[PDB]
Each structure stands twice: as structure tokens, then as C-alpha cells.
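# Chain and residue survey
In case you want the letters, here they are:
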Amino acid sequence: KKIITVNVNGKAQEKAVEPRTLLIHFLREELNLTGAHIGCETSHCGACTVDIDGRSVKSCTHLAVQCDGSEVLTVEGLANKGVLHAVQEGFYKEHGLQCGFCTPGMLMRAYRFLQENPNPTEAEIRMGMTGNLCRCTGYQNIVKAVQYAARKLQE
Amino acid sequence: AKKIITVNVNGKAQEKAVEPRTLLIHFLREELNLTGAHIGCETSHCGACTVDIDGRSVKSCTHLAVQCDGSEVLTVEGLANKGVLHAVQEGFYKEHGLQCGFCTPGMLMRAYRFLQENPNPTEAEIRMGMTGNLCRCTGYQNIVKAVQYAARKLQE
Amino acid sequence: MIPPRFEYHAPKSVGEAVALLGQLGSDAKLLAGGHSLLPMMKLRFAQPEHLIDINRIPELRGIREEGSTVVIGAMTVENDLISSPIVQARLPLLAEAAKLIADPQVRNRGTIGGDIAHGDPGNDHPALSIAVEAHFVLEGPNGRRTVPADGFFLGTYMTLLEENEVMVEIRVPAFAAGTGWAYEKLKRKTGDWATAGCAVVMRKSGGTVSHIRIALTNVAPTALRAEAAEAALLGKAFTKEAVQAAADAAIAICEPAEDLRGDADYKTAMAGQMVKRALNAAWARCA
Amino acid sequence: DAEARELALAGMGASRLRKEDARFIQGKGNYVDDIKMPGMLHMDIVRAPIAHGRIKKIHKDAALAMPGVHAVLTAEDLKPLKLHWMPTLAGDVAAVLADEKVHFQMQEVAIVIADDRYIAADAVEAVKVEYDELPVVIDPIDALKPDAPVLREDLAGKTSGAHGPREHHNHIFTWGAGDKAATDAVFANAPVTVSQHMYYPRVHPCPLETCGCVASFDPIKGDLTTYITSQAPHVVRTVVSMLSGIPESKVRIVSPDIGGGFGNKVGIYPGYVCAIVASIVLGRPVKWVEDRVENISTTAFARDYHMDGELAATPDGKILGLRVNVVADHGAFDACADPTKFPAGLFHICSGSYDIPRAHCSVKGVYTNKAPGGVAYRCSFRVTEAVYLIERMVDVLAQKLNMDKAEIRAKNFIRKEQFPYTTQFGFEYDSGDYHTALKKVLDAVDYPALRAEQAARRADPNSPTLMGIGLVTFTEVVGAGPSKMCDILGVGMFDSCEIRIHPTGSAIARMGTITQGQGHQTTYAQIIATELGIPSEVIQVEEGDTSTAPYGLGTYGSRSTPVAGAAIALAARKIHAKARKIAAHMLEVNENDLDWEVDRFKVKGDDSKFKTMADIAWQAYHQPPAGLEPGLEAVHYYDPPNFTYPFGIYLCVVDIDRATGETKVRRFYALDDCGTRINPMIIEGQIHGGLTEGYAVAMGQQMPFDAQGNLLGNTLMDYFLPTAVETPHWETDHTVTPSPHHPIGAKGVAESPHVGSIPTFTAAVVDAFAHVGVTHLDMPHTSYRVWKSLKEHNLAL
Amino acid sequence: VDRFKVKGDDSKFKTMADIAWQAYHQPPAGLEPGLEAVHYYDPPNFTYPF
Amino acid sequence: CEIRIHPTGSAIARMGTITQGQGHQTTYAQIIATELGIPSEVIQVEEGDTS
Ligand SMILES: Cc1cc2nc3c(=O)[nH]c(=O)nc-3n(C[C@H](O)[C@H](O)[C@H](O)COP(=O)(O)OP(=O)(O)OC[C@H]3O[C@@H](n4cnc5c(N)ncnc54)[C@H](O)[C@@H]3O)c2cc1C
Ligand SMILES: Nc1ccn([C@@H]2O[C@H](COP(=O)(O)OP(=O)(O)O)[C@@H](O)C2O)c(=O)n1
Ligand code: FES
Ligand code: FES
Ligand code: FES
Ligand code: FES
């Protein structure tokens, strides 16, 4: 076991972790940040997507031990003092979620994608969200949610 | 500064670090979630917090956790064995020795030890041997019947 | 989902990493982006007892220019390849083709070096590295050696890389002014490995092909250079007939594996089609 | 102002935002794997590496000695409790843990209980099992051959099952509906005839959240609590009680937030039983959560129908008869979700949207070395197959007559005035207006212009692409209910709703259903809002907890709006009737002298004199008018008089790359009519999702098995799931033809997009090859398969 | 005690268990499925123990 | 009081009262047992939760 210190949602977390522990299990089992989900074992779905050191990463294909000294953000940390983040508001307003299983990952991806590309086209949105699968929405509303968030971020 | 200690509760080692002022009752309830033992006063009268420490009945609200490093603590959650109720638990159930059940855990732990100190107690001895435990619901009558029941079961 | 137990190591230098590889032997594996290695470990395909993480070694990072050679750190992440102003100006093919690799999240971890070192016929960089005539710098206990992309791939999951070596950087000559290029990739969906793919780099002189490099993805146990196909074009006028001949020559060297992406019949025919589309798109980009 | 008050309610018809979004967008949803209980252990399953064979020996010692491992159970540990086999909704029995042999690859052989999922996984690898491989049965046809191996050795000697007599050891049943004699007669004298064979490939619902549960038996209290991914918690409770011996009132099943169902989470899987047994044995909580590969490989699959459709007609295109024969592959055990009396579901709905005078169908169930299932993917109990068949056949008949595919449909449609229409199979379609909807769709896409573009492209033999136009006009049948004909394990297919108004005007409502993301917490509240004049925002709805919610049959087959929607309205209306009675007492007038206006009872004539629902609620708790009991609440169990028949008209235009076999959906127009609409926004989401499932199934999904019975492509590596890039932009439209018998005229709609889209895609792909004589092409229409057909009909390159 | 029997014929009876199942299985015409009730009691007078 | 009889015969009962040790979970069950012919052991009574 290696002792690490990861900054999760703005707070330092000094923990002892087994090297094989996937970041997704560390987030869900150790910190109880159960927003992030698991939809596959092949790294396709992206329901485990979290923001690590400025980038969108699928936490099921990253080790917690690798986050020693890293800056990690989850969906629980998106809202600011209770006020929803643009992306959270966008998915709500544009009905971008149903069962809500892929939502945390979608929000974390959109949160980063919008900083990568502030004024994306529909094609750019769809392509920029390719690492996230959804079984309920058909993606169409998710596109509108991202567009909605983009308009408010430049407001 | 918190002190690292290991307390044996119900045969299981409990490794914790607590401030010296931590009363045993809060250690059992707050640190171990063994919420059977209860708090009914701040003057050491009720006995709702009674647990068995190193072979003696003790009011955990008037004892420090830090004084139990290596001790053998018995709580109500540990009376039953393999699911089978201890004679004392069976006694309180069969004789209706409890209503709200707040003094019960303490009564049981006390009865458990009293019955070893005195296997064949008379009524007077039971009432006297159970004086450290207060009860607001029962009136004590069914409790002495419960202890008499447990006494008999232990001898057969 | 659950990978087996292993010991973890995180060296800060290539030398320490190389030392660890020697000390621990074959039971150790270099961990890079982890997007091929971890998935395999999570399915119990590979069970190394030691993982040597190389993400904390700064000398394996960075993109620079040394003369007419673009030096790319083995640990360069796919997205950094896409956003790199150097790669966009000097090697436009790599910047655009990297977009066809996996998805955004995977591209934030998967590195060009790991994509190459993995040696999967399904990966894109192997063919790409051949079309651009790249070279790989490998460091071991004895020092450094440089091997060509063309000759690096030996078999499925097998390359010239030795068990005590670490690929340090990918060196590729900058595109000469007016170089045409292309990478046609037939895939079932975005983020999936190619059913068939073709990388092309070419130069023009009048109505003829003055320079030509053709490589094939996922149509054999390894990525392939198609020299016979190249020969159907070099010094000849760029015509429909010549392009068709190149495809046939490329088709002739295919040895596709049959799986859910299709049979040998389909993959081979798709390789030819991608060659035809690649050459045409490359010619269009020439000047 | 009265209009303003109605708007303020956010009830029927409003596109209000969802009440359930708050928690989900902040990661505060409560799914099964999010649950952690004191002393909770984790369970993992040892699965069969082969498709068929006897179990020689199971080695438990290496796993048992492994630190962290508490138990390793096998079928032997289940026999005393008679739980090594469990009953199914199809009247058959499925193995909980393989006993003498394994019937399909990935089948549950043993379980392990450890401190966590990591150690648990190591324990499964430590458990070694020896097998004696036996010949495998993959093709339904080979299964019926005289020398076919005996799969179900447990059924040896039996000549009858739960669905009639059995003609072979691998034969599960044979079911039929319609007039065979009359239909055979029609076909014999019909001037025009067509027959086509088509395979509806086995696919998987693959919900993003897999199946799982946290079973917890408390030896002290003597009761069981199981948090589970179940689409029917109440019946699960009844079944669990029966098999465990634990009285039903001491069994509590709770479906929390579920990450999608789509019919995949309707049944009881062996993992649940084992978790329960393990929890009961160890005396503490046990968690089981399957991985993606386990979900695709062992939970309920869909389709897998081999169909032989026939259509009799006259030269002008009027359909005279319909004859269909089917071979159904149900896997090793028949656990196909269905009402007890329908082993092939409502397949006899295959008469479609057409007035066909005579028809007959016959479905033959067959056992194979595969995982059980059959009904589980927005299919409404085999309606997906029925619609695909009829629509495919109509196209075949259209092409033979050289008649336009829309024209032949308009000519055969059941006319608006014919409803309620009784079909050849016995169904009484509630209502419809197909003609108006069809013209609406054709006009919006400029259908004639489309055919001209297609004709112009076909004329050029060099056109790099092929243009295809698919059109489907379908009728659904949802709201599985009439207890006389529909029942799950003996329980009538009704549903319920309990609504309770509080002293201050707000309310709490519970139903026997269970949403999985379809929005019941919003929509259900909207129904009650309009019925009682209480804003939907403060009508708190809950489902899934068998210990608090009224008994129901859960949600699948789009039965919620039809069945629960009716119970909600009726329970609300019971409250409204009492409220009127109370309002009369307060206003010192007679009930008949009152008028309900949005949220208040006002005296006829004098508007100033009125009493709001808030006023009435308070009075109910203050002092009840003589004759009435205090309080304001109601309960209602609705046994539906008939199903609901929503319809649709979908059109799709595709362009096929002749050089690669790639198919690009250029356009898709979907028109659905589900009667009265509760929330247009929520309806639009269901359509988008279902059409997407349709695209996935028709263009990519499949579950192939090799000669040895190994499942291929059982992970996201190959199992097709479209991303935002592959998913096309959907265009939606609608009409409103209310269900006359329904309390609010609303019909189900969630499964319509799935059912209808699949044949629309095939219609478009086949239509692209139609000019060279192609009548049908089996799904999936992957580029590999379309290219294969492109080369066969000389259209490649 | 726990069953409804036919007057003059003990052999013909139905226990509460039989009735309960019947309630969920097939409700008699004019009856909703299920078997439950609620009651809000407003007492007519107090009780006077001694 | 609200009583719900389950398909198998057992039942769940909830009242608007709240015991503090006087034995409601037992006595209430006894009243219902005699009225319906269902043993008191399987008539689970509960109180105190406004929801
Ligand atoms: C869902 C998904 C889709 C993908 N799609 C594609 C695709 O379409 N096209 C494609 O090309 N790839 C694809 N990939 C793979 C990513 O492209 C592979 O991520 C990366 O192949 C293996 O690179 P890595 O940096 O992750 O390294 P790792 O996973 O660590 O693997 C590195 C392998 O090479 C060795 N290695 C790594 N770095 C070095 C080094 N510096 N020196 C020596 N040896 C080294 C390791 O020991 C190991 O054997 C996909 C991956 C996923 C999960
Ligand atoms: N006429 C209709 C039918 C459904 N719906 C809504 O769509 C969602 C799915 O409804 P449904 O009855 O078809 O399916 P399930 O909810 O049974 O999956 C439920 O929230 C709805 O209330 C609607 O608003 N109007
Ligand atoms: S769990 Fe599917 S990509 Fe991480
Ligand atoms: S909302 Fe259910 S998978 Fe996305
Ligand atoms: S709490 Fe009263 S004696 Fe301990
Ligand atoms: S039973 Fe209530 S104080 Fe003893």
C-alpha cells in the first residue's frame, strides 16, 4: 500500500491505497463520491469520467495511486455554494437526462469540453462527447444541454 | 492529544485513538456504534450505561475509555451466542421485564454479572443486587421475575 | 473489471525505469497511458506482478524541433498531438489522424509511444509512423539506439523493443513544403479500431508522383508498408489506372484476420478502397 | 386568471422540467451499487467456461483459505432449501446454481463471499471447476432433430409443459391464434400471394446500469430487506416470500433509483437468490453487482425469432389473409417474461394497422444452450416481432404488385370509423386515425419528391450511392392488464395508486409501478395536479418500496400510463368526490349547486362564494361533516378493461455507399399518437431514446455464437451502442387520438419508438436494393453485411 | 375464527389466506383487486375506566 | 389505522399513534388477529413515520 494525497473537489485526501485500486472504486468506496458510475469493463461508456489535472479521464482506467499530488473533480464538486454549474443547469433545462446513470460523466465531460471549445457547433459537440454513452436520451437533448451551457458561460 | 488504545469489546479487538476525557459510554456508542448501552443521567445513578469490565459491573459513563487499554468489555450486543439468547435475555423476554427498553441493556449486563456473584438469589437479594439500575416503565416487579427465570435456567 | 494484485513503482528518470526493468525482469511492465495495459489486466489477459509507471518522467515529454526533425516525447498524449502547433505545421497528418483515435478521454491518457509500443495491428500509429518515416529512440542498460518505424513491427503485439528498453521519443522528418497526405479509416463507430486503414504521404512534381509512402492498418498481423504499391506510382503520372494498380498491389499483401469487423474478403477489399481514397486525398493536398 | 391558476398547476399537457433531476445532476441519486450497510460483504459468481457439459468437481478449498473470503457456496448448499432451481414467469424452471451440469456458457456455477469486490474477484479465479464437455445445441432447427442431444435432462419423460403438450425434448411449446381453416382457405383461392423468410436477431437491452442487489436478512428481527434493480418489486417480494418461508409482511423489497430497465430488469436472476441465501446464512448484508459482460451474457435477451410470413391479396392490393409460422429460441431455460397464458406474448397483434379479414399465426418455442430471456427490450411482449413481420410483408407485397408502399398502406388501413375495431386475432383496438397521420408524414418530407430523387439516381448506373426510403405505419398494444387474460404468476395485471392529502394542501402519492428514468415522479404528479387543483410541485410521488407502496405489477411494456395512469386518476377522483361533499357542507349548499374550476369549488352563479382544495383539506382534518370520516385520501386498484393502442408512422431515408457498404441515415421522421399527452417534453425524450435503440438494433446489434456455443462480442468492444456521432437527428411529429376507455385518454408511448423504428430501418435498406429484385435483408445492416449483399447483387463500387 | 364456511356444510370453507390470494388473482365482478382498508375514527365519547 | 393484506395472507398495519414502550406492536396486532383470522405474529405494525 502506498500513502497518497489527492485533492478531491478542493479538499486534500491523504489515504493508503492498494496499487490495483481503480480511481473509480477509490472515489466511490473510500470517499463515497457515488456520483461517478460504472457501465463497462472495457473503457467505452465513460460514466466514470472525472476531471484530473485539467483533463477528462475515465476513472475506471486510471489507478488511484497515480493521483498522488493530483487535482480531481467529480460531479459532487460542480455546484458552487449550492448554485448549479452552467452544465448542470443546461441538462436540467434541456431535459438531457432520464435514468441519470450517464449524467455525472456527461456533466464532467461537458464541463471540460466547454473550456476546450467555448463555441462548439453541433458536430463538434457530438464528436466532443463521443467518449460518453447514453442509453436513454438519444443524445439529441444532451446536445441542446451543452449548447445551453455554452451560451450561459459566455453570458 | 488523542491516545491510541485497543479495547476488547465482546471478544473483538477495537483499535482506536481517543482524547483522554472520552467516557467509556461515548466510546462504545460513538466510536463503535454499540448503541445498546444508554445514557440516562449525568450523576452516575441510572445505570443505563452498565457494561461488564474485567469481570465487574461498571457504569461506563463514569469510566474513561483510556483506562480500558487491554481490558475485556462486555456489552448487551454480546450476550447472545450463535443467535441463541443468553438466559438473562430470555428471562426478560419471557417475564415481560421491559417496556420502552431504555434501561434494558443495562439491566441485562448487570443481571448477567449478578447471577454469577449470586446464583441462587432471594427476592430481597435480587432487588438489592439490582439497585444501581433505574427503570421508569416496569415497576421492577417483572424484572425480579425475569432474574428468577434466568437464575433457574442457568442451574438447568 | 478487477485487475490482479501487483507492486507499483514510479521512477523519475529513464535510467531508474531501465534499472527497474532489469532488476524485476519479465514480471514487470512499463505503465504509460494505461489504456491498453489496464484493460488487459482488468480482464486478466496480462498479470504482471510489477508495474513501472513512467508518467512522472519529464524527459519523456515535450515536442521540439532539432533541424528538420520533429522530436516527439514517447509520453505525449494523443490530444497534445492534435493541439500541438508544431505537429500542425510540420506534420499535419499526425495532428489530423490522432483525431480518429479512440475518444477524448482516452486521448487524454493514451500516448503515441504506448500506441506504438503496444504493437497492435488494430492501432493507428504503427501505419502512420511508417508513412511519415519516423524513427524510435530506445534506451536500455547499454545506452541508446534508434530504429526505423519501417522494420519495428515484427508481429501481433511484438516489436524490436527489448524487455529492458524504454522508448524515449519519436523522431520524424518535417513535411517538405507542399507534401500531400491522408489517412482513410473505415470504422464501425467513432472510438473503435479500424476495420481497414491506409496512411499515405506523397510529394508531387508536375503531373507525376515524386515521393510516395503507403502503409496499411489492421489488414495483417502487423501494420504494413506497401512497397509494391508505392512502386506503382513513383515517377509516374498520377492516373486512375496507377491508383488502381497501387490498390491491387496493396491488396496482394493483405492477410486479414477474421472477426466481428468482417472476413478476409471484406477487409482486403476495404484496404484497397482506403488505398484508393488515401492516394486521391493525398494528391489533392499536394502543391 | 382562471387560465393563470391552471398554468400555475403545471399539470396535464405542460412541458414542465423534471422533479427527479436535482439529485441526479449532483450525483445524489441512490442506485444499488451506491448502497453500503454495516457489515456488508460482497458476492461474486463463478461462471461456466463452456456451453454444455456435466460438472465433475468444484474445488472450494483454495478460495476458502484466501484471507477475506467468508464463504463459497454451490448448488449442494441450495438443495436443503430447495433453491438450486427457481420458477420462471414462463412457467418453466431455471437453475440458480448449476447442479449436475451447465446449460449455457457463463452460467452461474458457484458463489464466493468476501470483504470486498476486489478480494471477491480473486476468489472466483481461485475456484477451479472440472467439466466433461457435451455436444452443443445452437441452431433451433438442429435442436428438433431426432438425434439432437438432451439439454433438459430434468424434464426427461414429460409429455407436457406449462403451455400444452411437448413433441420433442428440446421443444418448449407450440402456440397459435386466429382462424387456421379460414386463413388456409383464403390463401388457396387468393389471386396474389407472397411469402418471405426473415430472422429477427437475438439482441440485448444492455441498460447502462447492470443488474445487482444488496440483500439483508436480520436474524434479530427475523426479516429480509433487499434493495434491487427490479422492474416489479412487489411480485419479487411475493415470490421471495414463497421460496424462503419468511412471511410476506417480513420481506421488504426496494427498487431505488434504477439506471434504466428496458425490460432487462423484470426477472429474478440467480445472482439475487444467491445474495439472499448468502445473507440469510451469514446473518449480514451481501452485495452483488454484475459487470457489463455478465449483463450481456446472462440477463434477459430480446428477439431471436425465425419468421415465415405470408400475405394473400387481390390485384389492386387489398390484403385478404395473413399466415405466419415462427420458431422461437428461448435458450436453456424458458424464463421469458410474459403473462401466464401467452408464451409468445401478444404476437397475434401482427395483423397490424390493417383490416385483414382472415389470419393465423403459430409460434414454436425451442431450447438451446444459451442464456434465457426473449422479452426484454421495449418489446411490449413480442409486439416488436409482430410489427416487423407485418411491415416487412406489406413491403414484399407492394414490390410484387409494383405498387407504392404508402399507397398500399393507406388502402389497407383500418378506417377511423371502424374503431373500436376487432381484429382477426381477437384484439379490440381502442381508437386510431392512420390516414390523417400518414398524409401528415408524407407531406412534411415531400414523399413524392423523394421518390423522384430516388428514380433519378437509379437511372444513372454510375451513381456512387444507393437511395432507400423506408416507411412503417404501426399499431402498438400496451398496458398489459385485463386480469381475466393477463396475469404474472397468478397475479392479475392491475396496478394501483394511493394518494393522501395533508392538512395544509400538499400531498404524497405512491403507485405499484417503478420508474427507471421515464419520469413518473414528474408525470404522475401532473396527472394528480389537474385532477385536484394542487400544484404538481408539491405532490410528492414514490414507487418501488413494497413496504410503503400499494401492490402493483411494476413497469415494462409501456403499461404505466395505461394502467397506473388510470388508477391515479380514479384514486384522485375519489378524493375529488369527497372534497365536493365537504365543499358543499362548508358553503351550506348542495353538491349539484357547485362547479369545479381548476382548483376550487364555486357556487353556481355567485363567484365570490368558493372553497379551494386547501380550504377543503384543512376542513377534513379539523371537523369532518357529519357522515364523513376525517382525512382526505384514497386508494385505487385498476383492472383495465382493455389494452391501449397507440400508433405511429415513421419514415427514413438512407444513402448507402456502394464502395464500402456504409449506410448513412439522411433523415428520419417519427410521428406518434399516444392519445392524451401528459408531458410533451418527457414524451419527446422517450422517442429520441427508443429510435436510438432502434438504430442500434437494426444497424449494428447482434449476439453471434460460434460452433462451440461461445458467445462472441459480449462486451462494448464489439456489442454496438451508438454515440452522439452515429446517432442521427430525429424529427418528431404527432396527432392526438385519445383512448375512449382510459380515464384520461392517455396511451403508453415509451416502447412505440423502439418497436416501429426497427422495421423502418430495414424498410429503408431493402428499398435501396428493391429495383434489383431484393425483397429482404436480415439485420444487422452493418457495413460488412450490406457490402456482402452489394457484391451479391452486383452493386458494389 | 379464521375462515368463512357454508352454513350446514363445514366441508365448504375459505380461509383468509384463500381469500387474500383470490383478491390479487381475480377480483369478483364489481370489486377492485387487493384487500386493504383505512379508517379515521372520530370517537363519539371518551372511555371511562375505573 | 391502515391495514394491507398481502397476497400470501400476512399483513402490514400502521396507525396515527406512537408507542413509547406500551406494547403497541404487540397489542395492535392482537386486535387485528381476532378481526381477520390472521396470526398476530405475522401482522407487522408500525408507527411514527409521517411519510
Ligand atoms: C475504448 C478504447 C478505444 C481505443 N481506440 C483506439 C483506436 O481507434 N486506435 C488506436 O490506435 N488506439 C486505440 N486505443 C488505444 C490507445 O490508443 C492505446 O491507448 C495505447 O494503445 C496503449 O498506449 P498507452 O499510452 O495507453 O499505454 P499502455 O496502456 O501503458 O500500454 C503501453 C504498452 O506498451 C509498453 N510501453 C508503453 N510506453 C512505453 C515506452 N515509452 N517505452 C517502451 N514500452 C512502452 C507497455 O509496457 C505496454 O506493453 C483505444 C483504447 C480504448 C480504451
Ligand atoms: N400519453 C402519454 C404517455 C406517456 N407519457 C409519459 O412518458 C413516460 C413513459 O410513459 P409510458 O406509459 O409509455 O411507459 P412506462 O413509463 O410504462 O415505461 C411516463 O412518464 C409518462 O407519463 C406521457 O406524458 N403521455
Ligand atoms: S466504467 Fe465504462 S468507461 Fe469507465
Ligand atoms: S440518462 Fe440513462 S444512460 Fe443516460
Ligand atoms: S448514564 Fe446514568 S449511571 Fe451511567
Ligand atoms: S423499560 Fe423503560 S426505563 Fe426500563
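Residues numbered from 1 in each chain as written, not as in the entry; some residues may be left out. Chains lettered and ligands numbered in written order. Part of a larger assembly, values for the part shown. Heavy atoms only, no water.

Method of determination, as given in the entry header: X-ray crystallography; reported resolution: 2.35 Å.

Turning to the UniProt feature "binding site: [2Fe-2S] cluster 1" in chain B, a few remarks are in order. Residue and element names in this part refer to chain B. In this structure's numbering, the residues bearing the UniProt feature "binding site: [2Fe-2S] cluster 1" are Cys-41, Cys-46, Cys-49 and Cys-61. A maximum C-alpha distance of 10.1 Å places the annotated residues, which cover 21 residues in sequence, within one compact spot. With respect to the helices and strands, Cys-46 occurs in the loop between α1 (24–31) and β3 (50–53). When its relative accessible area of 11% is taken as the criterion, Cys-46 is described as buried. Excluding residues that lie within four positions of it along the chain, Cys-46 makes contacts with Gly-40, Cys-41, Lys-59, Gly-132, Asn-133 and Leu-134. (UniProt positions renumbered as here; feature names shortened; annotations may be inferred. Helix = DSSP H or I, 4+ residues; strand = E, 2+ residues; numbered from the N terminus. Buried < 20%, exposed > 50% of the residue type's maximum accessible area, 1.4 Å probe, protein only. Contact = heavy atoms within 4.5 Å.)

This paragraph deals with the UniProt feature "binding site: [2Fe-2S] cluster 2" in chain B. As annotated in UniProt, the feature "binding site: [2Fe-2S] cluster 2" corresponds to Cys100(B), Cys103(B), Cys135(B) and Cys137(B) in the numbering used here. A maximum C-alpha distance of 9.6 Å is found for the annotated residues, which run over 38 residues; spatially they form one tight group. Its place among the elements puts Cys100(B) in the loop between α2 (87–94) and α3 (104–117). Dropping the residues within four chain positions of it, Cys100(B) is found in contact with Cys137(B), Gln20(F) and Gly21(F). Mapping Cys137(B) onto the fold places it in the loop between α4 (123–129) and α5 (141–154). Once you skip the residues sitting within four places of it in the chain, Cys137(B) turns out to touch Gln99(B) and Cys100(B).

Per the stated rule, a full pass over the model turns up 104 salt bridges over all chains. As a salt-bridge pair, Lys15(A) and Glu30(A) come within 3.0 Å of each other at their nearest N and O atoms. With a gap of 15 residues between them, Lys15(A) in strand β2 (residues 11–17) and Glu30(A) in helix α1 (residues 23–30) connect regions that are remote in the sequence. Taking the shortest distance from any N to any O, the salt bridge between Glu153(D) and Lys101(D) comes out at 2.8 Å. Pair noted here: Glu153(D) is in the loop between α6 (140–144) and β9 (171–178) and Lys101(D) is in strand β6 (residues 101–102), with a separation of 52 residues, a long-range link. (Salt bridge = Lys/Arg side-chain N within 4 Å of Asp/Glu carboxyl O.)

Our focus in this paragraph is empty space enclosed by the protein. Residues and elements named next belong to chain D. Following the criterion strictly, the structure yields 11 cavities of 30 Å³ or more and no others. Size it by volume and the largest cavity reaches roughly 490 Å³. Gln-518, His-520, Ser-558, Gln-686 and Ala-750 are the residues nearest the centre of the largest cavity, which is lined by 35 residues in total. Residue assignment for the lining of the largest cavity shows that the elements contributing at least two residues are α15 (520–532), α16 (560–586) and α18 (680–699). Class assignment of the residues belonging to the lining of the largest cavity gives a composition of 11 nonpolar, 19 polar and 5 charged. Approximately 100 Å³ is the volume attributed to the second largest cavity. (1 Å grid on protein atoms, 1.4 Å probe; cavity = no way out; pocket = protein on both sides within 12 Å on 5 of 7 lines; lining within 4 Å. Points joined across faces, edges and corners; volume = space filled by probe spheres on them. Nonpolar A, V, L, I, M, F, W, Y, C, P; charged D, E, K, R; others polar.)

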